[PDB]
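Student: Opening with a subset of the complex:
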Amino acid sequence: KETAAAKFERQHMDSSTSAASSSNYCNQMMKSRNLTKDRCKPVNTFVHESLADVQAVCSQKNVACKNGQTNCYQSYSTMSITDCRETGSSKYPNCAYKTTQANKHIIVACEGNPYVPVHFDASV
């Protein structure tokens, strides 16, 4: 079974690019990160910063999570992100995503020792 921290890395980290460079970014990344296996994951955000910078958010601003838990943290700075969301044309096994690049604060839930991101809550 994948650990929570490793699942967060696979689902939400893309440090290899500064930003989504085209409309096809999401189609490619959702497939390669194995997020379209038996169904299309409807919504997923990738963060274009170093793993260290994203891990560091766990000791930044403590804020509530949408679900009411209190282990969420909001990055002090904006970060480059890409939101991927299914379009109307999306139909498994032919998943189709809209790519929206932005620079926003991220909010992650953190857990464990080491205390690291385990969920992506939202961006602001």
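Tutor: Perfect, I can see it now. Residues are numbered from 1 along each chain as shown, chains lettered A, B, ... in the order given.
Student: where does the residue of chain A most remote from its centre land in three-state SS?
Tutor: Most distant residue from the mean C-alpha position of chain A: residue A:89, 22.6 Å away (CA atoms, centre = their mean). With DSSP: H, G, I helix; E, B strand; the rest coil as the basis, residue A:89 sits in coil.
Student: Report the buried residues of stretch A:74-89.
Tutor: Residues A:74-75, A:79-86 are the ones in stretch A:74-89 that count as buried (16 or more other CB atoms under 10 Å). (Each C-beta comes from the backbone N, C-alpha and C, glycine too.)
Student: Correction: the previous question concerned stretch A:94-112.
Tutor: A:95, A:97, A:99, A:101, A:104-111.
Student: With stretch A:45-52 instead?
Tutor: A:45-49.
Student: Please flag which of the residues you listed sit within strands.
Tutor: Mapping those onto strands (DSSP state E) picks out A:45-47.
Student: re earlier: quick check: of the buried residues of stretch A:45-52, which lies closest to residue A:16?
Tutor: Comparing the buried residues of stretch A:45-52 against residue A:16 with CB to CB places residue A:48 closest, at 8.3 Å.
Student: residues touching the closest one, list them.
Tutor: A:14-15, A:17-20, A:79-82 (CB atoms under 8 Å, 6 or more residues apart in numbering).
Student: Give me the nearest residue to it, chain neighbours excluded.
Tutor: Excluding its sequence neighbours, the residue lying closest to residue A:48 (CB to CB, 6 or more residues apart in numbering) is residue A:80, at 3.9 Å.
Student: And residue A:90, by the same measure?
Tutor: Leaving out its chain neighbours, the residue that sits closest to residue A:90 by CB to CB, 6+ apart is residue A:96, at 4.0 Å.
Student: What residues does the one you found make contact with?
Tutor: Contacts of residue A:96 (CB under 8 Å, 6+ apart): A:27, A:86-87, A:89-90.
Student: sequence below should go in as chain B:
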Amino acid sequence: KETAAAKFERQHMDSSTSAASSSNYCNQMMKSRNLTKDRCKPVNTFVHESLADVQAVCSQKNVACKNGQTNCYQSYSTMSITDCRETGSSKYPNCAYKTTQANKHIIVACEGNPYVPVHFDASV
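Tutor: Let me add chain B to what's already shown:
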């Protein structure tokens, strides 16, 4: 019982200002919109655009909702928003919120006739 559309208006519309003008905006708005009754609502976004502009999003870009439903729409333009989230010092009945102002696309779920916003899904 409050209708879904009216609840969205109360929870998510603040057309009276162009933007959050201070750190105390959220404390004030979460209280006045009755979002701190028996408990502090942990997270809540207000949109600083006209009601018409926000309603119009329901005929803009159709995208998946985080929960996998297909009745979500992403605004073509960015909009002025304020995210309100509880801080560590927040303890009912003394709710306390961090105010984060941003300009982002909004994503809403739409329903009904007229087809209007009934949930705030996320911003990008």
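Student: The buried residues of stretch A:94-112 with chain B there, same question as before?
Tutor: Using 16 or more other CB atoms under 10 Å in any protein chain shown as the burial criterion, the residues of stretch A:94-112 that qualify are A:95, A:97-102, A:104-111.
Student: from those, which two are the most distant?
Tutor: Those two in the buried residues of stretch A:94-112 that are separated most widely, counting by CB to CB, are A:98 and A:111, at 30.4 Å.
Student: one step back: closest to residue A:68 out of the buried residues of stretch A:94-112?
Tutor: Closest to residue A:68 out of these is residue A:109 (11.4 Å), distances taken as CB to CB.
Student: Look up how far residue A:58 lies from the closest residue to that closest one other than its chain neighbours.
Tutor: Leaving aside its chain neighbours, residue A:109 sits nearest to residue A:119 (4.0 Å; criterion: CB to CB, 6 or more residues apart in numbering or on different chains). Going from residue A:119 to residue A:58 by CB to CB, to the nearest Å gives 11 Å.
Student: which residues do the two both contact?
Tutor: Common neighbours of residue A:119 and residue A:58 (criterion: CB atoms under 8 Å, 6 or more residues apart in numbering or on different chains): residue A:108.
Student: Would you mind listing what in chain A touches chain B?
Tutor: Contact residues (CB under 8 Å from any CB of the partner chain) of chain A with chain B: A:42-43, A:61-68, A:70, A:72, A:74, A:83, A:85-88, A:90, A:98, A:100, A:102, A:104-105, A:107, A:122-124.
Student: Out of these, which sit inside strands?
Tutor: A:43, A:61-63, A:72, A:74, A:83, A:85-86, A:98, A:100, A:102, A:104, A:107, A:122-123.
Student: Only C-alpha atoms, please: export stretch A:34-51 in CSV.
Tutor: Extracted in CSV, the C-alpha atoms of stretch A:34-51 (Å, rounded to 0.1, in the frame of the first residue of the first chain):
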residue,chain,number,x,y,z
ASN,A,34,-1.6,7.0,-12.9
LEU,A,35,-4.6,9.1,-12.0
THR,A,36,-6.8,7.6,-14.8
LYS,A,37,-6.6,3.9,-14.0
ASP,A,38,-10.2,2.6,-13.6
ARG,A,39,-11.8,6.1,-13.8
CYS,A,40,-10.8,9.6,-14.5
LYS,A,41,-9.9,11.5,-11.3
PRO,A,42,-12.2,14.5,-11.6
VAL,A,43,-10.0,17.2,-10.2
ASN,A,44,-6.3,17.3,-9.3
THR,A,45,-3.7,20.1,-8.6
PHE,A,46,0.0,19.8,-9.3
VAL,A,47,2.5,22.1,-7.6
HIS,A,48,5.5,23.4,-9.5
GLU,A,49,7.9,24.0,-6.7
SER,A,50,10.6,21.9,-5.1
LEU,A,51,9.5,19.0,-2.8
